[PDB]
There are 2 protein chains.
Amino acid sequence: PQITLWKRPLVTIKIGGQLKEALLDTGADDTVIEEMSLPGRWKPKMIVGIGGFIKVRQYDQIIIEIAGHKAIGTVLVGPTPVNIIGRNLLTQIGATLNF
Amino acid sequence: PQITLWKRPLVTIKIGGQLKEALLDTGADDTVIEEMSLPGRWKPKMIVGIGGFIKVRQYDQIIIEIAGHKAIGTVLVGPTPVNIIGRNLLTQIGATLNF
Ligand SMILES: CC(C)CN(C[C@@H](O)[C@H](Cc1ccccc1)NC(=O)O[C@H]1CO[C@H]2OCC[C@H]21)S(=O)(=O)c1ccc(N)cc1
Ligand SMILES: [Cl-]
Ligand SMILES: [Cl-]
Ligand SMILES: [Cl-]
Ligand SMILES: [Cl-]
Ligand SMILES: [Cl-]
């Protein structure tokens, strides 16, 4: 697809057996999802945005289907106001910014 | 250009005749830059992101060049952790997300 930016670039994702809406976000280094359970080990991390930092749990080697495209990588879980697909997974589906 | 996302999509911007670096950010509705002087009157705005909110100065109809493309539009100025180019200006430079 070609996604224009007149509106927020929201897509459906599937993660840990759940369907979620998420933002395709070139400004996010890594993917961050609202509180949910995921399998396996995790470790804590802080990430920063507008407003400051939040504490998240870092889960590695998690598979997400993004707009029907499967990717695997690190997923951060924590109190984000919006689900965000970051560059670590956008690369994997071949996403580019074009102008 | 076609910009891949293996690295942060940083570009040079020109604003008030000065060059700065900024992040192309599809997850941002609005363009937000670090403290700087801009001409004219400003209006209040609060923006909300991952770690809570910040107050910013909203300047309208500001001439800005992004990666060599001319734009004229709203720039928010305040204590953002990084300079971000949001959809308001990404649309002016004809940017799309493609995968
Ligand atoms: C500020 C960026 C450098 C980083 N952020 C991504 C950014 O796209 C967020 C993503 C975002 C979006 C909504 C709410 C929180 C986070 N947008 C954002 O804060 O935009 C603000 C400016 O325009 C307004 O429109 C959206 C909120 C305002 S972030 O969400 O803080 C973040 C930081 C690190 C990671 N790994 C993942 C996400
Ligand atoms: Cl992958
Ligand atoms: Cl990863
Ligand atoms: Cl590539
Ligand atoms: Cl990419
Ligand atoms: Cl604008």
Side-chain angles (χ1 to χ4, degrees), chain A residues 1-11 13 21-34 45-56 65-71 73 76-99, chain B residues 1-11 13 21-34 45-56 65-71 73 76-99:
Chain A
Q2 178 165 94
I3 303 167
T4 59
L5 297 168
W6 300 120
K7 66 185 157 177
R8 295 182 180 198
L10 293 168
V11 296
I13 68 164
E21 178 193 283
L23 185 71
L24 301 175
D25 190 355
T26 59
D29 298 336
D30 290 288
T31 296
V32 64
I33 305 299
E34 63 204 343
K45 162 178 211 192
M46 299 280 271
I47 58 179
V48 71
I50 297 279
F53 292 84
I54 66 165
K55 183 171 92 147
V56 299
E65 193 183 282
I66 303 148
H69 295 67
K70 293 187 193 156
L76 307 180
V77 181
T80 175
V82 172
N83 301 313
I84 285 142
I85 306 306
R87 292 187 297 102
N88 79 126
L89 297 177
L90 293 170
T91 55
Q92 301 297 286
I93 66 180
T96 58
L97 259 190
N98 294 262
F99 53 100
Chain B
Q2 177 165 98
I3 299 179
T4 58
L5 295 170
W6 307 98
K7 295 174 8 296
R8 292 181 182 161
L10 299 165
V11 302
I13 69 171
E21 173 191 281
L23 185 67
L24 302 178
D25 191 353
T26 56
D29 299 342
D30 315 311
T31 295
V32 191
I33 65 168
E34 289 216 350
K45 205 185 155 89
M46 256 169 36
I47 59 182
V48 70
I50 232 172
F53 76 93
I54 60 170
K55 298 186 104 171
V56 299
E65 171 198 300
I66 303 151
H69 287 74
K70 293 159 288 170
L76 308 181
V77 178
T80 177
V82 56
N83 295 330
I84 61 178
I85 311 298
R87 293 188 294 103
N88 77 125
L89 299 184
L90 298 173
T91 53
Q92 290 203 22
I93 72 171
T96 56
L97 276 168
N98 297 264
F99 54 98

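Reckoned from all heavy atoms, side chains included, excluding hydrogens, waters and symmetry mates. Proteins come first, then strands; the chains are lettered A, B, ... in the order of their sequence lines, and each starts at number 1.
With respect to chain A, the highest number of heavy-atom pairs below 4.5 Å among B:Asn98, B:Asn88, B:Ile85, B:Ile3 belongs to B:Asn98. Chain B forms more heavy-atom pairs under 4.5 Å with one residue of A:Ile50, A:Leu10, A:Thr4, A:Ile54 than with any other, namely A:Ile50. No other option in B:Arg8, B:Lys7, B:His69 has as many heavy-atom pairs under 4.5 Å with chain A as B:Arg8.
Only the side chain of A:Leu23 comes within contact range of chain B, judged by heavy atoms closer than 4.5 Å. Both the backbone and the side chain of A:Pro1 have a heavy atom closer than 4.5 Å to some heavy atom of chain B. Using a 4.5 Å cut-off between heavy atoms, B:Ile47 contacts chain A through both its backbone and its side chain. In this structure, no portion of A:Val82 lies under 4.5 Å from any heavy atom of chain B.
By the ring-ring contact (aromatic ring centres under 6.0 Å, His included) test, A:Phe53 is found to be paired with no residue, residues two or more places apart in sequence or in another chain being considered.
Counting only residues at least two apart or in different chains, salt bridge (charged side-chain N to carboxylate O under 4.0 Å, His left out) contacts with residues 81-99 of chain B comprise B:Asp29-B:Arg87.
With rounding to the nearest 0.5 angstrom, the CG atom of A:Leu5 is 10.5 Å from the CG atom of B:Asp25. A distance of 8.0 Å separates CG in A:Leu97 from CD1 in B:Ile93, rounded to the nearest 0.5 Å.
Listed here is the closest heavy atom pair of B:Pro81 and A:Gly49: CG-O, 3.4 Å. Scanning all heavy atoms of the two residues, the minimum distance from B:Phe99 to A:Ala95 falls at CB-CA, 3.8 Å.
A donor-acceptor pair is defined here as one N or O able to donate and one able to accept, closer than 3.5 Å; such a pair exists between the side chain of B:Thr26 and the backbone of A:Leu24.
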